[PDB]
Amino acid sequence: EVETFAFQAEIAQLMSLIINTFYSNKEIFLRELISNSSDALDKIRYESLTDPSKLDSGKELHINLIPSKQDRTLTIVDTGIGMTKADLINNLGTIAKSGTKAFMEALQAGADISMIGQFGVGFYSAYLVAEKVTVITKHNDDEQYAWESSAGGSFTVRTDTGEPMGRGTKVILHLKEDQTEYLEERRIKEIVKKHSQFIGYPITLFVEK
Ligand SMILES: Cc1ccc(Cn2cnc3c(Cl)nc(N)nc32)cc1
Ligand SMILES: Cc1ccc(Cn2cnc3c(Cl)nc(N)nc32)cc1
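The following block contains the structure:
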């Protein structure tokens with residue numbers, strides 16, 4: 001069964017801003033999502049040092065970038081700590097309220113959309129390139145969930161019954177029709193080299209079949 005939730009007002013207005021503001025430098029979404037993956041991997045690696053059983057759901061700590069021209073999706077996969085149901089429905093948004101308000105005020109005070117990560121809400125940069133984002137995620141001691149939103153003020157959460165992932169997060173970017181350059185191997189290599197060269201986990205750019 002599918003539950004539908006309203007975004008907090010401040011997040012809904014930030015998402016509209018990211019969708020409606022004219023900003024050509026859209027490629028920064030990838031740096032932000034890789035940064036989020038890296039942070040998630042840091043967290044589970046740190047926790048595993050006092051409770052090694054936290055890696056029973058998988059010892060590999062990595063990031064995969066998977067384009068699909070058939071599906072017009074770019075997927076960012078990590079084996080990080082994952083997100084709980086409470087994370088997805090309430091707690092990440094509660095944390096994000098402060099930075100979202102500060103980011104919006106900074107934008108009026110001359111700041112640039114590329115600074116979104118400095119306010120801790122970089123996930124929403126996905127809507128620079130995606131008409132819809134699907135997030136599949138699995139945290140130890142919670143179930144595997146699918147979060148999804150095409151903006152418009154609402155998101156859904158459901159228990160996922162696709163291929164179990166062990167632990168981690170998959171961000172599936174359903175790309176806008178004029179943003180398919182982010183399916184090109186060369187374009188992704190260029191972006192990762194430029195913004196993400198010093199990430200401390202293996203980043204594998206998968207190749208289209
Ligand atoms: C709906 C939504 C999805 C993602 C984020 C950013 N974010 C927070 N926790 C994360 C973990 Cl554990 N892993 C990854 N990859 N991203 C994470 C915020 C809101
Ligand atoms: C494990 C992990 C923790 C924190 C982040 C940072 N981060 C980026 N975007 C975010 C949004 Cl939208 N909400 C919140 N709460 N945090 C966000 C990423 C991964």
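Residue numbers are given in my numbering: position 153 of the sequence shown equals residue 153, and the series is strictly consecutive. In this text, a Cβ means the ideal position worked out from N, Cα and C, and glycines have one as well.
Could you check what DSSP says for residue i in three-state terms: helix, strand or coil?
i: residue 195; result: helix
i: residue 81; result: coil
i: residue 108; result: helix
i: residue 72; result: coil
i: residue 59; result: coil
i: residue 210; result: Within the shown structure, residues of the chain are numbered from 1 to 209, placing residue 210 beyond reach of any answer.
i: residue 65; result: strand
Could you give the distance in angstroms between the alpha-carbon of residue i and the alpha-carbon of residue j?
i: residue 132; j: residue 108; result: 26 Å
i: residue 100; j: residue 169; result: 22 Å
i: residue 200; j: residue 123; result: 19 Å
i: residue 104; j: residue 114; result: 12 Å
i: residue 55; j: residue 182; result: 32 Å
i: residue 77; j: residue 110; result: 33 Å
i: residue 147; j: residue 138; result: 11 Å
When burial is assigned at 16 or more other CB atoms within 10 Å of the CB, is residue i buried or exposed?
i: residue 83; result: buried
i: residue 46; result: exposed
i: residue 6; result: exposed
i: residue 40; result: buried
Excluding five sequence neighbours on each side, which residues of the same chain lie with their C-beta closer than 7 Å to the C-beta of residue i?
i: residue 8; result: 93, 97
Measure how close the beta-carbons of residue i and residue j come, nearest whole angstrom, since I'm counting them as under 8 Å.
i: residue 79; j: residue 172; result: About 16 Å separates the two Cβ atoms, so there is no contact after all.
i: residue 203; j: residue 34; result: 7 Å
If you drop the 5 nearest sequence neighbours on each side, which residues of the same chain put their C-beta closer than 6 Å to that of residue i?
i: residue 179; result: 129
i: residue 26; result: 128, 129
Once you ignore the five residues that flank residue i on each side, which residues in its own chain have a CB closer than 8 Å to its CB?
i: residue 176; result: 129, 130, 131
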